[PDB]
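Below you'll find only one chain, the form deposited in one PDB entry, shown as structure tokens.
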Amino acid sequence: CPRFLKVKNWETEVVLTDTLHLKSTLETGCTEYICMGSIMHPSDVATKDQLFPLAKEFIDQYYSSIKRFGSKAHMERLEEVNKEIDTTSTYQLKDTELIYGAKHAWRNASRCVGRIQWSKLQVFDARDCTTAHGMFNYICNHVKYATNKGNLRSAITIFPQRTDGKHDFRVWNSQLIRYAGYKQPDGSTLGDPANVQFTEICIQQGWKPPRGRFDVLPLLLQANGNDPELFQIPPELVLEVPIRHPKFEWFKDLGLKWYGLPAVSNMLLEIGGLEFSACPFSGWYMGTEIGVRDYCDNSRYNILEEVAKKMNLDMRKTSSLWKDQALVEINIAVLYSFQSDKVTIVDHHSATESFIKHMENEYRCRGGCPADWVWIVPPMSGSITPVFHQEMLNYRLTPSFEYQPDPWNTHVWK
């Protein structure tokens, strides 16, 4: 209960009706008496009996999408998978199923504002991979293809699935391209403070760090449960953008740059009960991700103060909104720079307007669209974007991208 749930937009009064929520799979963390919608994470292998029903649910869904439900091919496929599970305790997805499942894990990502693009996703099948060097090769081809000389194209590379859990493939990097952070003996931090831990691990694994402010990190790659291995990404594959400002000539003097390709590589892709622990995917940036969070978080590069000083701002009282003012200019500079270098990027106004349109269409064609308001609303100027006033329902559909523990906590070193 109940079969229908309505959502309202308070700016346009448009009302949508959600039926899709009935296919919700996992719990949210919420209950009837408490809501955990702003908890970041409100959360060995699957057995045979656990697995048939999960496999059947996905196979049914797949044949339902290609308008072949209850067909000979549908029934044959079910028998094939069931027997494979019974004799091998797992099964293998057909290429078509893998591609469908990957696109739908994105489509089901309630925290992603970018989902209007979900069906155009290049899927690279890397399930024949056996070694870290091969992971490196696949990852390089992913980066080059996705980057496309600035004209970014979303893609995902999927490595072999978990078997017994002692042979996992993992990208130890949280993103394929990130900058190193170095904590200094005086307590201060050079580079990106978000990445200090991973940096220290790379250095321990033998990485010789240049110890600069924007040193691209090496790939740390684990195949088939083996100790991970370091590889330098070829610099010519790493597209970068110097941040300048269209009016403040001094902004370049800050010496800021960022990388063009956002590629998240530490999440788990779940399809019909199968677990792909290495599945790096990439899109293009929303400006705020760099300009608000990456640059202006106190736990990040934290340049608000420095920018505001160069803007001659009164910085003694907060009620002057010097931070707010600085933040806007910084995000203006980010968008300007990317646009000027013909590197794909979306501003938070465009993106949120697109998501609203995507959401409504999803309600029309699919009977709903799970969305996480806390993550969908941009980290600046929320109420002047249309998502702010839009009621949303959040729930877990499958296939899905999931969080997984950092590998260095679980790895049994050889």
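Take the two forms, superpose them, and find the largest set of C-alpha atoms that agree within 1.5 Å; that set is the rigid core. We number the residues from 1 along the sequence you see. Only residues modelled in both forms are compared.
Just so you know, the form deposited in another entry exists too; it's not on screen, but the next bit is about it.
Student: With the rigid core superposed, which of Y295, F169, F338, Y285 has its C-alpha shift by 2 Å or more between the shown form and the other one?
Tutor: The displaced C-alpha is that of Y295.
Student: Mind checking the CA-CA distance of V292 and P218 in the other form? It differs by 3 Å or more from this form, so is it closer or farther?
Tutor: It is closer: the C-alpha separation of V292 and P218 falls by at least 3 Å in the other form.
Student: Compared with this form, is the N266-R300 Cα separation smaller or larger in the other form, the difference being 3 Å or more?
Tutor: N266 and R300 sit farther apart in the other form.
Student: For a quick check of understanding: after superposing on the core, name the runs of at least three residues, shared by both forms, whose CA atoms each shift 2 angstroms or more between the shown form and the other one.
Tutor: Shifted segment: 291-302, the only one.
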